[PDB]
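Novice: first portion of the complex, with coordinates as positioned in the assembly:
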Amino acid sequence: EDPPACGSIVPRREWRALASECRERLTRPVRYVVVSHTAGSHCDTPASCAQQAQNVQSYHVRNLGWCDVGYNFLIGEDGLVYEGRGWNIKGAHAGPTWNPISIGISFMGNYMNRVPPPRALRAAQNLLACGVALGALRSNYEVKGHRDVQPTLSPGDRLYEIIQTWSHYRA
């Protein structure tokens, strides 16, 4: 029960996450959505993507010393959206200029020479629909590539190729 019509998101308690310790709230409603890629290993089953989720967070919490996984939501090629910082805890995904104003969703994999399956792309768009529904994202929300906001290779040629197809993508 994470309020009406939210396209099946895996809760932290399910992917065996560690307790978040982030105190910063995000000023709703949010205008931007930054799509990125973990550039880490990819997964196609929920079982493997639960393990892969943990991997991203432990690296952010134990090693990098941040309060929680830097992303608001992680997407698996298993076609499921994983909950990280969520719609309210401000993310750590695109630097100081963008972190307090945009939501950050990342695709679990390295998408330079590899494309994400339709189910994952479907789940991401479906996640943004629930966003508007909850009142976290503005009906008029703008989707920006990670390259668009920071000098980075992410989300990867192939995935950056497809998010331009997305209707809400702004130049």
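Specialist: Sure thing, it's come through. Numbering: from 1, shown residues only, chains lettered A, B, ... in the order given.
Novice: only C-alpha atoms for contact and neighbour calcs from this point on.
Specialist: Will do.
Novice: can you map out the helices along chain A?
Specialist: A:46-58, A:118-134, A:146-149, A:157-162 (DSSP state H).
Novice: identify all contacting residues around the first one.
Specialist: In this structure, residues lying in contact with helix A:46-58 by Cα atoms under 8 Å, 6 or more residues apart in numbering are A:15-17, A:38, A:41-43, A:68-70, A:74, A:76, A:78, A:80, A:82, A:108.
Novice: farthest-separated two in these?
Specialist: A:68 and A:78 (22.7 Å; Cα to Cα).
Novice: buried subset of the contacts of helix A:46-58?
Specialist: A:15, A:17, A:38, A:42-43, A:68-70, A:74, A:76, A:78, A:80, A:82, A:108 (16 or more other Cα atoms under 10 Å).
Novice: can I get the residues you listed in JSON lines with distance to residue A:30?
Specialist: Below are these laid out as JSON lines (distance: Cα to Cα, whole Å):
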{"residue": "A:15", "distance to residue A:30": "26"}
{"residue": "A:17", "distance to residue A:30": "25"}
{"residue": "A:38", "distance to residue A:30": "22"}
{"residue": "A:42", "distance to residue A:30": "28"}
{"residue": "A:43", "distance to residue A:30": "29"}
{"residue": "A:68", "distance to residue A:30": "20"}
{"residue": "A:69", "distance to residue A:30": "19"}
{"residue": "A:70", "distance to residue A:30": "17"}
{"residue": "A:74", "distance to residue A:30": "18"}
{"residue": "A:76", "distance to residue A:30": "23"}
{"residue": "A:78", "distance to residue A:30": "27"}
{"residue": "A:80", "distance to residue A:30": "22"}
{"residue": "A:82", "distance to residue A:30": "19"}
{"residue": "A:108", "distance to residue A:30": "23"}
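Novice: and these, which of them are in strands?
Specialist: Of the positions in the buried ones among the contacts of helix A:46-58, A:74, A:82 sit in strands, assigned by DSSP state E.
Novice: ok, the buried ones among the contacts of helix A:46-58 vs residue A:141, which is closest?
Specialist: Looking across the buried ones among the contacts of helix A:46-58 and measuring by Cα to Cα, the closest to residue A:141 is residue A:74, at 18.8 Å.
Novice: tell me which residue is most central in chain A.
Specialist: Centroid-nearest residue in chain A: residue A:105, 1.6 Å away (criterion: Cα atoms, centre = their mean).
Novice: I'd like the distance between the residue lying closest to that residue once chain neighbours are set aside and residue A:133.
Specialist: Leaving aside its sequence neighbours, residue A:105 sits nearest to residue A:73 (Cα to Cα, 6 or more residues apart in numbering; 4.7 Å). Residue A:73 is 16 Å from residue A:133, where distance means Cα to Cα, to the nearest Å.
Novice: chain B follows; place it on the structure:
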Amino acid sequence: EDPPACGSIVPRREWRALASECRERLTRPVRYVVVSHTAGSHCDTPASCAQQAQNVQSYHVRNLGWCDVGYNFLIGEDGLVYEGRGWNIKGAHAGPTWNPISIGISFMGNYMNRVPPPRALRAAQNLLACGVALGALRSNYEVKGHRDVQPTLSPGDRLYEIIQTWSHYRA
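Specialist: Chain B added:
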């Protein structure tokens, strides 16, 4: 006009479904939703579930000669809703006194003992939530067991026990 937000469903093309030969339409909106199980093998990978989808559909087409798989939607333990007949077409699943007035979603597997994993229950609760959003189901919608409308074990002793706690389950 009125779809607030829906949910992610695997299209027929993706699980490689045969062409539907059905033409009878369900009068819109629908008031009843019948939950049942396929009493067959379960799956937890998006790959194997797309395959399990074909099996149920082929047994219904090539062996029982029905115009398409009997259920409107299929639910996998991979946490994904698979498209069957959909929101618009009538689908043989619980008797002629009930097939013209109800949507039929079916969990893929036999849940006499075994319970469906949380993500499967989330997939179905979200599906129904999308139904209301699309206006395919009315906000009054009543969830019913397959055993509540014809003599069968169908929902599965333990899955029947679970759907009884759902907000919309009427006597």
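Novice: and the contacts of helix A:46-58, now that chain B is part of it?
Specialist: Helix A:46-58 is touched from outside by A:15-17, A:38, A:41-43, A:68-70, A:74, A:76, A:78, A:80, A:82, A:108, B:44-45, B:78, with contacts defined as Cα atoms under 8 Å, 6 or more residues apart in numbering or on different chains.
Novice: now the angle between helix B:46-58 and it, please.
Specialist: Helix A:46-58 runs at 150 degrees relative to helix B:46-58, counting by axes from the mean of the first three to the mean of the last three Cα atoms, to 10 degrees.
Novice: could you pull out the buried residues of helix A:46-58?
Specialist: A:46, A:49-50, A:52-54, A:56-58 (16 or more other Cα atoms under 10 Å in any protein chain shown).
Novice: what's the burial count for whichever residue of chain A sits closest to chain B?
Specialist: Taking Cα to the nearest Cα, chain B has its nearest neighbour within chain A at residue A:7, 4.7 Å off. Residues lying near residue A:7 (other Cα atoms under 10 Å in any protein chain shown) number 30.
Novice: let me see the contact set for residue A:26.
Specialist: A:87-90, A:100-101.
Novice: which ones are touching the closest residue to residue A:20 other than its chain neighbours?
Specialist: Excluding its sequence neighbours, the residue lying closest to residue A:20 (Cα to Cα, 6 or more residues apart in numbering or on different chains) is residue A:68, at 5.0 Å. Contacts for residue A:68 were tallied using Cα under 8 Å, 6+ apart; they are A:18-22, A:57, A:60-61, A:84-85.
Novice: give me the neighbour count for the closest residue to residue A:122 other than its chain neighbours.
Specialist: Excluding its sequence neighbours, the residue lying closest to residue A:122 (Cα to Cα, 6+ apart) is residue B:8, at 6.4 Å. Number of residues near residue B:8 (other Cα under 10 Å) recorded here: 26.
Novice: what does residue A:95 give?
Specialist: 11.
Novice: how about the nearest residue to it, chain neighbours excluded?
Specialist: With Cα to Cα, 6+ apart, the residue lying closest to residue A:95 is residue A:150, at 7.6 Å.
Novice: ditto for residue A:120
Specialist: Residue A:120 sits nearest to residue A:79 (Cα to Cα, 6+ apart), 4.4 Å away.
Novice: likewise for residue A:83?
Specialist: According to Cα to Cα, 6+ apart, the nearest residue to residue A:83 is residue A:73 (5.0 Å).
Novice: for the one you found, give me its contacts.
Specialist: A:81-86, A:104-106.
Novice: residues in chain A within reach of chain B, list them.
Specialist: A:4-8, A:10, A:44-46, A:78-80, A:119, A:122-123, A:126, A:129-130, A:132-133 (Cα under 8 Å from any Cα of the partner chain).
Novice: with the structure above as the base, add chain C:
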Amino acid sequence: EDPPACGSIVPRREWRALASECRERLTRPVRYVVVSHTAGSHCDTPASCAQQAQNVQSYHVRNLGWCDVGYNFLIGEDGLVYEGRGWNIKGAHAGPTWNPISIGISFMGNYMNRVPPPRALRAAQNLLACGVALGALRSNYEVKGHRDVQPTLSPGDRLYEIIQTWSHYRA
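Specialist: Chain C now in position relative to the chains above:
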């Protein structure tokens, strides 16, 4: 077999009821009978009543989104009985407790400061008699006021005084 001899009811067809989508049945013999009133306007002709019967049902199915009018029978000042859900389908007129165990007859008017015409009382008293003969009501059924089971003013002050007089009434 000993022709029950009590049918003097206007059928759904005759007063032009919209189709019922209700399918949950009562178990006969039925023990209780709950008398309520519409608190709407009253009718005294078979013509004006066929209109009122339609209105109550409309307010029930179109505004509240109910499967059909909530009462089992409606009594009019025309001296005739109107079929609602009938002797078999479970009504919606007294809550989760009584609805499964009683028939809900309702006088079509506001009897807070009025008395229903003799012919209307006769049709009511008669209806119940029909009940026993068909076997839908127990030979020793219990009549009850609507306010006896719900916090309401039904069946109206003066009419409530009338039923406490009846022989099958029970505190």
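Novice: check the contacts of helix A:46-58 one more time with chain C there.
Specialist: A:15-17, A:38, A:41-43, A:68-70, A:74, A:76, A:78, A:80, A:82, A:108, B:44-45, B:78.
Novice: what angle sits between it and helix B:118-134?
Specialist: Using the same axes, to 10 degrees: helix A:46-58 against helix B:118-134 is 90 degrees.
Novice: buried set for stretch A:100-114?
Specialist: A:100-112.
Novice: in strands, which of those appear?
Specialist: A:102-107.
Novice: how distant is stretch A:51-58 from the center of its chain?
Specialist: 13 Å (Cα atoms, centre = their mean, to the nearest Å).
Novice: for the closest residue to residue A:66 other than its chain neighbours, give me its contacts.
Specialist: Nearest non-adjacent residue to residue A:66, counting by Cα to Cα, 6+ apart: residue A:60, 5.8 Å away. Applying Cα under 8 Å, 6+ apart, we find residue A:60 in contact with A:66-70.
Novice: so what's the residue count around the nearest residue to residue A:102 once chain neighbours are set aside?
Specialist: Distances taken as Cα to Cα, 6+ apart place residue A:32 nearest to residue A:102, at 4.4 Å, with adjacent residues excluded. Counted with other Cα under 10 Å, the neighbours of residue A:32 add up to 22.
Novice: ok, the one 5 residues further on next?
Specialist: When neighbours are counted by other Cα under 10 Å, residue A:37 registers 22.
Novice: partners of it in the sheet?
Specialist: Beta-bridge pairing for residue A:37 (DSSP bridges): residue A:107.
Novice: what sits against it?
Specialist: Residue A:37 touches A:106-111, A:154-156, counting by Cα under 8 Å, 6+ apart.
Novice: change it to 10 Å
Specialist: Contacts here follow Cα atoms under 10 Å, 6 or more residues apart in numbering or on different chains; on that basis residue A:37 touches A:74-75, A:105-112, A:146, A:153-156, A:159-160.
Novice: can you check residue A:153 too?
Specialist: A:36-37, A:39, A:111-112, A:146-147, A:160.
Novice: any idea which of those residues is closest to residue A:166?
Specialist: For these, the nearest to residue A:166 is residue A:160 (10.3 Å; Cα to Cα).
Novice: surely the closest one and residue A:113 touch.
Specialist: No - at 11.3 Å, residue A:160 and residue A:113 do not qualify as touching, with contact defined as Cα atoms under 10 Å.
Novice: and for residue A:3, the neighbour number?
Specialist: Count around residue A:3 with other Cα under 10 Å applied: 8.
Novice: so it sits against residue A:133, correct?
Specialist: Yes - counting by Cα under 10 Å, residue A:3 touches residue A:133, with 8.7 Å between them.
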